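Colleague: So that we are looking at the same thing, I have put the structure below in structure tokens.
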Amino acid sequence: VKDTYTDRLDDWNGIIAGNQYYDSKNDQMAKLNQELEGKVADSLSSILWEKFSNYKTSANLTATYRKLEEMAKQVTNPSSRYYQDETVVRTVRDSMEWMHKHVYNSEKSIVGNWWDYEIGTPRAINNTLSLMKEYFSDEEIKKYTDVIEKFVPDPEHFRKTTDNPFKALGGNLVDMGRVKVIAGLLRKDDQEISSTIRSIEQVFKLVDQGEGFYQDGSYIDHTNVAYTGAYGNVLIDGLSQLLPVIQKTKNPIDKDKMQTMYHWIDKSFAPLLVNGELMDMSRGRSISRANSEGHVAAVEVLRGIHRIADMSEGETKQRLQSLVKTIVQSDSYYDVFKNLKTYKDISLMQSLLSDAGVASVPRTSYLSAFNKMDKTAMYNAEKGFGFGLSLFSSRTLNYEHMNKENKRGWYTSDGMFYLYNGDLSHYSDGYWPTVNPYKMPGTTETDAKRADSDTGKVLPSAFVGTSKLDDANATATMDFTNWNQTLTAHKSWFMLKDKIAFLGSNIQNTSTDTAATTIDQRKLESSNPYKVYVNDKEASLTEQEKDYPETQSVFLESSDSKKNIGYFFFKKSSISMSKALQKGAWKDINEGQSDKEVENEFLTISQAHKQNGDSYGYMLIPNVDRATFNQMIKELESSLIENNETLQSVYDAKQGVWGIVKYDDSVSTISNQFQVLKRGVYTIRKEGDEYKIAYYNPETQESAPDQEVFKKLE
């Protein structure tokens with residue numbers, strides 16, 4: 001019966017469906033319609049389904065009710081095929097009940113996956129009945145939402161009826177939101193709404209230990225896994241729907257805790273965005289799915305950012321508005337509207353791009369050292385390139401392998417790095433399946449064989465992380481011990497504005513497998529091919545490992561100058577190079593994906609450390625044309641300060657910036673100007689007759705005063 005509890009499910013329906021805000025000749029909305037028409041039709045015209053028959057895998061039920069959720073939308077859509085349809089509606093009623101009694105009522109238990117019985121599945125019930133509370137009575141809505149309270153009678157915890165529950169935390173706590181808020185409003189069980197949102201306030205607290213967001217912008221979740229852009233998606237995108245409801249309710253959250261929202265936006269999320277890609281390191285295991293490539297899951301936050309803007313006031317609205325609109329304007333590879341699956345968001349998005357009152361704004365250079373999760377972020381404004389450094393410590397995990405998902409990301413945190421040049425498609429179009437998991441960029445690895453049944457571990461060392469000097473100058477380190485305790489090398493990175501040196505000393509293999517660092521593994525777009533200049537002259541590569549000893553330079557010329565990648569080797573080293581068509585399917589590294597073999601070309605560069613006590617020291621200069629790259633290497637001929645077993649450092653004498661990394665506590669005199677007196681990482685600039693110092697003890701995630709760690713001599 002008509003009431004207020006339902007006028008807030010009216011709001012809900014709009015956010016998740018958007019039929020209210022529809023238009024039959026709004027070109028983009030009509031593309032999402034054609035889609036829905038054929039969806040319903042592929043379910044409807046086959047139900048009861050063999051596609052989702054197997055019961056004992058519980059992931060099949062979510063899909064059952066989720067394709068019943070898909071009808072609800074078209075069913076209640078004034079401008080659709082199935083508008084007020086006799087059979088599509090009947091079908092729902094008949095297989096909403098026929099299901100309830102057999103598969104999904106109380107005298108039952110969780111097999112397969114709780115997450116279905118508990119989360120993904122109820123929200124699909126919730127979402128069906130909400131859009132069709134008019135094709136359903138009050139007590140009907142009661143009969144089916146009963147199951148909810150049986151599996152989730154307490155918005156503090158999850159996995160309840162089973163025998164080692166756990167506390168809803170991080171983005172997982174967001175789905176306590178939809179599953180109980182909406183479910184309550186349906187059952188007008190008014191406690192369910194107050195009781196819940198009390199626990200939904202728990203996610204706005206930052207922390208110094210555990211899951212959820214951090215002070216430095218880090219997001220941990222699932223014990224210790226870099227997830228600012230995988231669970232953080234589930235969080236920001238979930239809470240960007242609850243709040244329009246939640247705040248109109250009789251128990252609305254105090255406008256105090258709505259501030260940790262914009263701290264997430266800017267400190268945690270905004271830095272991992274570049275030209276419309278969320279960095280694959282923040283995604284963790286999500287990288288193993290074709291539906292969720294780099295550029296697509298970036299929209300899963302760019303909507304969650306906007307929804308927040310709409311329900312804001314003043315500068316907070318217009319600036320978080322520019323944040324979005326300018327970011328999507330800088331994305332030239334992906335049509336943003338391909339991940340907007342609800343018309344409210346489309347209407348909203350088309351508004352920005354139309355509205356010339358929201359000023360666009362280029363992004364300044366920035367560097368975010370997310371040490372509490374071991375990833376570093378970097379974007380150059382002047383040169384338009386990105387850089388990310390996937391590490392891990394004794395505090396964070398190298399890679400997650402859940403639900404038989406992500407089975408070959410072994411070394412994607414073993415010192416892995418990502419360049420982001422003008423090839424926006426780089427880590428996309430099937431990069432993850434077709435790329436060598438063994439020879440992963442930036443990493444030092446032997447060549448033993450891994451299984452797909454392996455698990456994410458942590459390091460035995462804690463000496464990892466970054467000192468930050470400014471938006472364009474920092475230094476990372478890693479006291480590596482690998483996968484099986486055969487290879488321990490110091491690995492240290494030095495990001496200095498328009499370049500990033502990879503030092504690394506003390507390389508030592510106690511193994512009969514050949515150790516080998518990978519300088520790079522770039523995917524190559526075919527319609528723009530590279531011209532590889534070894535040591536300043538051109539080359540011609542094949543699947544054959546060529547040899548190139550006596551190799552100062554390695555430059556990758558291109559049609560687009562913002563897609564070049566150079567490699568100055570301080571000490572003329574002995575590398576090998578190739579360019580093979582690598583094939584592979586998404587199924588190989590994640591069981592529940594298309595086995596359709598997918599093919600993508602790669603050019604690989606490498607160094608082999610044969611003798612026990614080897615080194616590697618080179619410099620990556622991107623977005624630099626050939627002409628300039630050659631005058632850059634003569635500019636930095638003496639730039640290697642040191643790269644031995646207890647000290648690694650570069651000098652960038654154009655800026656005047658040392659990047660430095662000690663391991664012992666000795667008194668190393670650098671460039672004859674100053675000393676550095678303590679174990680840790682430094683980043684230092686001369687700008688006058690004195691010094692600007694930034695030391696980070698990665699072991700104790702602490703800093704210290706200049707006096708303690710540095711005296712400039714004379």
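In the structure tokens, the first chain shown is A, the next is B, and so on; residue numbers restart at 1 for each chain, and ligands run from 1 in the order shown.
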From region 71-204 of chain A, collect each residue whose DSSP state is alpha helix (DSSP H) and return the set as an NGL selection string.
Modeller: :A and (71-75 or 86-102 or 114-115 or 121-131 or 138-151 or 174-176 or 183-187 or 190-200)
Colleague: Take the residues from that selection and write them out as a PDB file, in the first residue's frame, keeping C-alpha atoms.
Modeller:
```pdb
ATOM      1  CA  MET A  71      13.500  -8.484 -16.892  1.00  0.00           C
ATOM      2  CA  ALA A  72      12.334  -6.170 -14.100  1.00  0.00           C
ATOM      3  CA  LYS A  73      14.137  -3.289 -15.840  1.00  0.00           C
ATOM      4  CA  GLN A  74      12.588  -3.821 -19.287  1.00  0.00           C
ATOM      5  CA  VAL A  75       9.274  -4.956 -17.745  1.00  0.00           C
ATOM      6  CA  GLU A  86       1.908 -10.717 -19.803  1.00  0.00           C
ATOM      7  CA  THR A  87       4.497 -13.490 -20.099  1.00  0.00           C
ATOM      8  CA  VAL A  88       7.652 -11.745 -18.890  1.00  0.00           C
ATOM      9  CA  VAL A  89       5.767 -10.622 -15.772  1.00  0.00           C
ATOM     10  CA  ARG A  90       4.105 -14.010 -15.297  1.00  0.00           C
ATOM     11  CA  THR A  91       7.488 -15.651 -15.826  1.00  0.00           C
ATOM     12  CA  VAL A  92       8.919 -13.631 -12.945  1.00  0.00           C
ATOM     13  CA  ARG A  93       6.035 -14.356 -10.509  1.00  0.00           C
ATOM     14  CA  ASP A  94       6.018 -18.028 -11.494  1.00  0.00           C
ATOM     15  CA  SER A  95       9.798 -18.548 -11.300  1.00  0.00           C
ATOM     16  CA  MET A  96      10.209 -16.133  -8.397  1.00  0.00           C
ATOM     17  CA  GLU A  97       8.046 -18.493  -6.330  1.00  0.00           C
ATOM     18  CA  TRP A  98       8.830 -21.832  -8.001  1.00  0.00           C
ATOM     19  CA  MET A  99      12.418 -20.948  -7.127  1.00  0.00           C
ATOM     20  CA  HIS A 100      11.787 -19.694  -3.569  1.00  0.00           C
ATOM     21  CA  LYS A 101      10.158 -22.972  -2.450  1.00  0.00           C
ATOM     22  CA  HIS A 102      12.527 -25.487  -4.066  1.00  0.00           C
ATOM     23  CA  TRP A 114      28.030 -18.033   0.695  1.00  0.00           C
ATOM     24  CA  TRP A 115      28.590 -14.814  -1.317  1.00  0.00           C
ATOM     25  CA  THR A 121      21.861 -13.057  -4.949  1.00  0.00           C
ATOM     26  CA  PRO A 122      19.688 -11.143  -2.397  1.00  0.00           C
ATOM     27  CA  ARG A 123      20.509  -7.781  -4.068  1.00  0.00           C
ATOM     28  CA  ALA A 124      19.099  -9.317  -7.273  1.00  0.00           C
ATOM     29  CA  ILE A 125      15.930 -10.269  -5.354  1.00  0.00           C
ATOM     30  CA  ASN A 126      15.853  -6.838  -3.696  1.00  0.00           C
ATOM     31  CA  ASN A 127      16.349  -5.229  -7.142  1.00  0.00           C
ATOM     32  CA  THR A 128      13.636  -7.264  -8.897  1.00  0.00           C
ATOM     33  CA  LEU A 129      10.842  -6.681  -6.374  1.00  0.00           C
ATOM     34  CA  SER A 130      11.811  -3.006  -5.988  1.00  0.00           C
ATOM     35  CA  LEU A 131      11.330  -2.190  -9.684  1.00  0.00           C
ATOM     36  CA  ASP A 138       3.141  -6.405   0.352  1.00  0.00           C
ATOM     37  CA  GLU A 139       3.067  -9.936   1.804  1.00  0.00           C
ATOM     38  CA  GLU A 140       4.461 -11.304  -1.469  1.00  0.00           C
ATOM     39  CA  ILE A 141       7.486  -9.034  -1.019  1.00  0.00           C
ATOM     40  CA  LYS A 142       7.629 -10.412   2.556  1.00  0.00           C
ATOM     41  CA  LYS A 143       7.649 -14.105   1.552  1.00  0.00           C
ATOM     42  CA  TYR A 144      10.780 -13.754  -0.617  1.00  0.00           C
ATOM     43  CA  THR A 145      12.842 -11.327   1.475  1.00  0.00           C
ATOM     44  CA  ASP A 146      12.440 -13.787   4.385  1.00  0.00           C
ATOM     45  CA  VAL A 147      15.456 -15.752   3.137  1.00  0.00           C
ATOM     46  CA  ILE A 148      17.547 -12.584   3.541  1.00  0.00           C
ATOM     47  CA  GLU A 149      17.123 -12.344   7.338  1.00  0.00           C
ATOM     48  CA  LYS A 150      17.884 -16.088   7.635  1.00  0.00           C
ATOM     49  CA  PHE A 151      21.337 -15.640   6.025  1.00  0.00           C
ATOM     50  CA  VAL A 174      29.085  -1.705   1.349  1.00  0.00           C
ATOM     51  CA  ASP A 175      27.081  -4.775   0.245  1.00  0.00           C
ATOM     52  CA  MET A 176      25.619  -4.956   3.743  1.00  0.00           C
ATOM     53  CA  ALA A 183      15.598  -5.400   1.872  1.00  0.00           C
ATOM     54  CA  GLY A 184      14.319  -3.536   4.942  1.00  0.00           C
ATOM     55  CA  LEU A 185      12.585  -0.704   3.079  1.00  0.00           C
ATOM     56  CA  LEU A 186      10.780  -3.529   1.225  1.00  0.00           C
ATOM     57  CA  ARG A 187       9.804  -5.257   4.488  1.00  0.00           C
ATOM     58  CA  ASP A 190      12.501  -0.125  10.229  1.00  0.00           C
ATOM     59  CA  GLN A 191      15.266  -1.490  12.519  1.00  0.00           C
ATOM     60  CA  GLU A 192      16.860  -3.208   9.562  1.00  0.00           C
ATOM     61  CA  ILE A 193      17.455   0.336   8.190  1.00  0.00           C
ATOM     62  CA  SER A 194      18.772   2.108  11.334  1.00  0.00           C
ATOM     63  CA  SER A 195      20.647  -0.964  12.618  1.00  0.00           C
ATOM     64  CA  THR A 196      22.383  -1.245   9.248  1.00  0.00           C
ATOM     65  CA  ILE A 197      23.476   2.293   8.453  1.00  0.00           C
ATOM     66  CA  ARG A 198      25.079   2.429  11.941  1.00  0.00           C
ATOM     67  CA  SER A 199      27.472  -0.251  10.609  1.00  0.00           C
ATOM     68  CA  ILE A 200      27.724   1.515   7.214  1.00  0.00           C
TER      69      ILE A 200
END
```
Colleague: Can you tell me, as a VMD selection string, what residues are no more than 12 Å from residue 292 (chain A) when counting only C-alpha atoms, ignoring any on the same chain fewer than 5 positions away?
Modeller: chain A and resid 229 to 230 233 277 to 278 280 283 to 287 297 to 300 338 to 339 427 to 430 432 586 593
Colleague: With distances taken over only C-alpha atoms, which of A:136, A:420, A:410, A:379 is nearest to residue 437 (chain A)?
Modeller: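 With only C-alpha atoms as the atom set, the closest residue is A:410.
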Colleague: Neighbours of residue 309 (chain A) within 10 Å (only C-alpha atoms; same-chain residues fewer than 6 positions away dropped), as a ChimeraX atom specification?
Modeller: /A:240,262,303,315-324
Colleague: May I have the residues from that selection written out with C-alpha atoms, as an mmCIF file, in the first residue's frame?
Modeller:
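Contents of result_4.cif, as written:
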```cif
data_model
loop_
_atom_site.group_PDB
_atom_site.id
_atom_site.type_symbol
_atom_site.label_atom_id
_atom_site.label_comp_id
_atom_site.auth_asym_id
_atom_site.auth_seq_id
_atom_site.Cartn_x
_atom_site.Cartn_y
_atom_site.Cartn_z
ATOM 1 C CA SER A 240 27.491 6.220 -4.375
ATOM 2 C CA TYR A 262 36.803 13.069 -0.842
ATOM 3 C CA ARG A 303 30.648 6.983 -11.943
ATOM 4 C CA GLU A 315 32.802 24.015 -4.811
ATOM 5 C CA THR A 316 32.765 20.399 -3.713
ATOM 6 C CA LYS A 317 30.272 19.638 -6.501
ATOM 7 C CA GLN A 318 31.819 21.664 -9.349
ATOM 8 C CA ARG A 319 35.434 20.584 -8.682
ATOM 9 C CA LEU A 320 34.709 16.855 -8.226
ATOM 10 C CA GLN A 321 32.745 17.525 -11.421
ATOM 11 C CA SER A 322 35.819 18.851 -13.246
ATOM 12 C CA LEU A 323 37.872 15.983 -11.780
ATOM 13 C CA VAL A 324 35.627 13.561 -13.698
#
```
Colleague: If you count only C-alpha atoms, which residues fall within 12 Å of residue 589 (chain A), apart from same-chain ones fewer than 2 positions away, as a PyMOL selection string?
Modeller: chain A and resi 285-290+401-410+430+432-437+451-454+584-587+591-595
Colleague: Write the residues you've just listed into a file as an mmCIF file, in the first residue's frame, and include N, CA and C atoms for each of them.
Modeller:
```
data_model
loop_
_atom_site.group_PDB
_atom_site.id
_atom_site.type_symbol
_atom_site.label_atom_id
_atom_site.label_comp_id
_atom_site.auth_asym_id
_atom_site.auth_seq_id
_atom_site.Cartn_x
_atom_site.Cartn_y
_atom_site.Cartn_z
ATOM 1 N N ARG A 285 43.555 -9.068 -8.434
ATOM 2 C CA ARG A 285 43.157 -10.273 -9.177
ATOM 3 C C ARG A 285 42.154 -9.990 -10.299
ATOM 4 N N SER A 286 41.465 -8.854 -10.217
ATOM 5 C CA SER A 286 40.490 -8.452 -11.236
ATOM 6 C C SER A 286 41.089 -8.369 -12.643
ATOM 7 N N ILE A 287 42.391 -8.099 -12.733
ATOM 8 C CA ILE A 287 43.113 -8.049 -14.016
ATOM 9 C C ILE A 287 42.967 -9.294 -14.896
ATOM 10 N N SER A 288 42.455 -10.384 -14.329
ATOM 11 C CA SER A 288 42.362 -11.663 -15.025
ATOM 12 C C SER A 288 41.015 -11.894 -15.719
ATOM 13 N N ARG A 289 40.247 -10.826 -15.951
ATOM 14 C CA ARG A 289 38.919 -10.938 -16.563
ATOM 15 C C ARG A 289 38.799 -10.024 -17.774
ATOM 16 N N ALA A 290 38.255 -10.551 -18.872
ATOM 17 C CA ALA A 290 38.129 -9.796 -20.128
ATOM 18 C C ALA A 290 37.111 -8.660 -20.037
ATOM 19 N N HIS A 401 44.993 -15.093 -5.444
ATOM 20 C CA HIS A 401 44.502 -16.187 -6.274
ATOM 21 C C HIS A 401 43.283 -16.817 -5.585
ATOM 22 N N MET A 402 42.131 -16.171 -5.768
ATOM 23 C CA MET A 402 40.856 -16.595 -5.181
ATOM 24 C C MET A 402 39.989 -17.241 -6.254
ATOM 25 N N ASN A 403 38.939 -17.948 -5.835
ATOM 26 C CA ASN A 403 37.931 -18.504 -6.752
ATOM 27 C C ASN A 403 38.481 -18.999 -8.101
ATOM 28 N N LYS A 404 39.658 -19.626 -8.074
ATOM 29 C CA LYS A 404 40.376 -20.003 -9.293
ATOM 30 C C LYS A 404 40.467 -18.846 -10.308
ATOM 31 N N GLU A 405 40.878 -17.688 -9.796
ATOM 32 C CA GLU A 405 41.045 -16.467 -10.576
ATOM 33 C C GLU A 405 42.437 -15.889 -10.342
ATOM 34 N N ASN A 406 43.136 -15.570 -11.432
ATOM 35 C CA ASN A 406 44.505 -15.037 -11.390
ATOM 36 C C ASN A 406 45.534 -16.100 -10.967
ATOM 37 N N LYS A 407 45.867 -16.982 -11.912
ATOM 38 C CA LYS A 407 46.701 -18.160 -11.661
ATOM 39 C C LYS A 407 48.130 -18.021 -12.198
ATOM 40 N N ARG A 408 48.428 -16.913 -12.877
ATOM 41 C CA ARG A 408 49.761 -16.689 -13.449
ATOM 42 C C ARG A 408 50.329 -15.291 -13.167
ATOM 43 N N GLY A 409 49.815 -14.628 -12.130
ATOM 44 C CA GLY A 409 50.322 -13.331 -11.719
ATOM 45 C C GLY A 409 51.369 -13.447 -10.626
ATOM 46 N N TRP A 410 52.216 -14.470 -10.725
ATOM 47 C CA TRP A 410 53.176 -14.791 -9.670
ATOM 48 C C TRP A 410 54.095 -13.608 -9.400
ATOM 49 N N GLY A 430 43.435 -7.682 -24.524
ATOM 50 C CA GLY A 430 43.965 -9.002 -24.219
ATOM 51 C C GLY A 430 45.463 -8.995 -23.975
ATOM 52 N N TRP A 432 46.891 -9.178 -20.668
ATOM 53 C CA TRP A 432 47.132 -10.112 -19.564
ATOM 54 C C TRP A 432 47.215 -11.595 -19.963
ATOM 55 N N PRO A 433 46.278 -12.092 -20.765
ATOM 56 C CA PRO A 433 46.374 -13.468 -21.264
ATOM 57 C C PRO A 433 47.575 -13.714 -22.189
ATOM 58 N N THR A 434 47.883 -12.773 -23.079
ATOM 59 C CA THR A 434 48.892 -13.005 -24.120
ATOM 60 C C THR A 434 50.329 -12.679 -23.724
ATOM 61 N N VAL A 435 50.541 -12.172 -22.513
ATOM 62 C CA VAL A 435 51.877 -11.745 -22.097
ATOM 63 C C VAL A 435 52.588 -12.851 -21.304
ATOM 64 N N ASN A 436 53.911 -12.915 -21.449
ATOM 65 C CA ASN A 436 54.720 -13.889 -20.735
ATOM 66 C C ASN A 436 54.641 -13.615 -19.238
ATOM 67 N N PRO A 437 54.120 -14.568 -18.461
ATOM 68 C CA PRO A 437 54.066 -14.406 -17.005
ATOM 69 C C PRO A 437 55.443 -14.549 -16.376
ATOM 70 N N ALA A 451 53.431 -23.665 -10.981
ATOM 71 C CA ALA A 451 52.133 -24.278 -11.244
ATOM 72 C C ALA A 451 51.064 -23.189 -11.237
ATOM 73 N N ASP A 452 49.835 -23.569 -11.579
ATOM 74 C CA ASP A 452 48.693 -22.658 -11.503
ATOM 75 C C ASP A 452 47.974 -22.775 -10.160
ATOM 76 N N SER A 453 48.349 -23.784 -9.372
ATOM 77 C CA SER A 453 47.759 -24.028 -8.052
ATOM 78 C C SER A 453 48.441 -23.246 -6.919
ATOM 79 N N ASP A 454 49.465 -22.456 -7.248
ATOM 80 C CA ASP A 454 50.247 -21.729 -6.239
ATOM 81 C C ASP A 454 49.457 -20.592 -5.592
ATOM 82 N N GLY A 584 47.201 -17.037 -26.382
ATOM 83 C CA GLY A 584 46.733 -17.407 -25.055
ATOM 84 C C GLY A 584 45.313 -16.948 -24.795
ATOM 85 N N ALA A 585 44.626 -17.643 -23.893
ATOM 86 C CA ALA A 585 43.232 -17.334 -23.576
ATOM 87 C C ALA A 585 43.066 -16.873 -22.134
ATOM 88 N N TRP A 586 41.970 -16.162 -21.881
ATOM 89 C CA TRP A 586 41.629 -15.694 -20.538
ATOM 90 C C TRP A 586 41.370 -16.855 -19.575
ATOM 91 N N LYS A 587 40.967 -18.001 -20.123
ATOM 92 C CA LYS A 587 40.669 -19.196 -19.334
ATOM 93 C C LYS A 587 41.903 -19.773 -18.635
ATOM 94 N N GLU A 591 39.788 -19.604 -14.598
ATOM 95 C CA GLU A 591 39.034 -20.725 -15.165
ATOM 96 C C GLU A 591 37.692 -20.353 -15.803
ATOM 97 N N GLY A 592 36.990 -19.375 -15.232
ATOM 98 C CA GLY A 592 35.663 -19.002 -15.705
ATOM 99 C C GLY A 592 35.650 -17.906 -16.758
ATOM 100 N N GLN A 593 36.482 -18.051 -17.785
ATOM 101 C CA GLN A 593 36.541 -17.082 -18.878
ATOM 102 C C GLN A 593 36.622 -17.778 -20.238
ATOM 103 N N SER A 594 36.355 -17.015 -21.298
ATOM 104 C CA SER A 594 36.349 -17.535 -22.667
ATOM 105 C C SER A 594 37.695 -18.146 -23.050
ATOM 106 N N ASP A 595 37.666 -19.379 -23.559
ATOM 107 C CA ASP A 595 38.885 -20.070 -23.993
ATOM 108 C C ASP A 595 39.328 -19.656 -25.402
#
```
Colleague: Which residues come within 12 Å of residue 698 (chain A), counting only C-alpha atoms, excluding same-chain residues fewer than 4 positions away, as number ranges by chain?
Modeller: A: 369-372, 374, 392-395, 461-468, 475-479, 661-663, 678-682, 702-704
Colleague: Provide the CA of residue 564 (chain A) to CA of residue 492 (chain A) distance in Å, to one decimal place.
Modeller: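 It comes out at 23.5 Å.
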Colleague: Can you list, as a PyMOL selection string, every protein, DNA or RNA residue that comes within 10 Å of region 212-219 of chain A when you count only C-alpha atoms, leaving out same-chain residues fewer than 5 positions away?
Modeller: chain A and resi 169-173+202-207+224-232+235+260+263-271+282+368-376
Colleague: Ranking A:596, A:295, A:490, A:579 by minimum distance to residue 613 (chain A) and counting only C-alpha atoms, which one comes first?
Modeller: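 Answer, going by the shortest atom-to-atom distance: A:490.
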Colleague: Go through A:508, A:43, A:683, A:668 and flag the residue nearest residue 615 (chain A), using only C-alpha atoms for the distances.
Modeller: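 Smallest separation from residue 615 (chain A) among the options: A:508.
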Colleague: From the set A:496, A:512, A:308, A:521, which residue has the shortest atom-to-atom contact distance to residue 417 (chain A), counting only C-alpha atoms?
Modeller: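 Checking each of A:496, A:512, A:308, A:521 against residue 417 (chain A), counting only C-alpha atoms, the winner is A:521.
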Colleague: From the list A:273, A:519, A:242, A:168, which residue is nearest residue 311 (chain A) when using only C-alpha atoms?
Modeller: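 Of all the options, A:242 lies closest to residue 311 (chain A).
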Colleague: By how many Å are CA of residue 14 (chain A) and CA of residue 60 (chain A) apart?
Modeller: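 Those two atoms sit 26.9 Å apart.
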Colleague: Would you mind telling me which residue in A:119, A:272, A:440, A:516 lies nearest to residue 415 (chain A) when using only C-alpha atoms?
Modeller: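 That would be A:440, the residue with the smallest distance to residue 415 (chain A).
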Colleague: Figure out the distance between CA of residue 598 (chain A) and CA of residue 483 (chain A), please, to one decimal in Å.
Modeller: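 We find that CA of residue 483 (chain A) and CA of residue 598 (chain A) lie 28.5 Å from each other.
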Colleague: Could you give me the residues within region 539-710 of chain A that DSSP places in strand (DSSP E or B), as JSON, numbers by chain?
Modeller: {"A": [546, 547, 548, 554, 555, 556, 557, 565, 566, 567, 568, 569, 575, 576, 577, 578, 579, 580, 581, 582, 583, 584, 590, 598, 599, 600, 601, 602, 603, 604, 605, 606, 607, 608, 614, 618, 619, 620, 621, 622, 640, 641, 642, 643, 644, 647, 648, 649, 650, 651, 652, 657, 658, 659, 660, 661, 662, 668, 669, 670, 674, 675, 676, 680, 681, 682, 683, 684, 685, 686, 691, 692, 693, 694, 695, 696, 697, 702]}
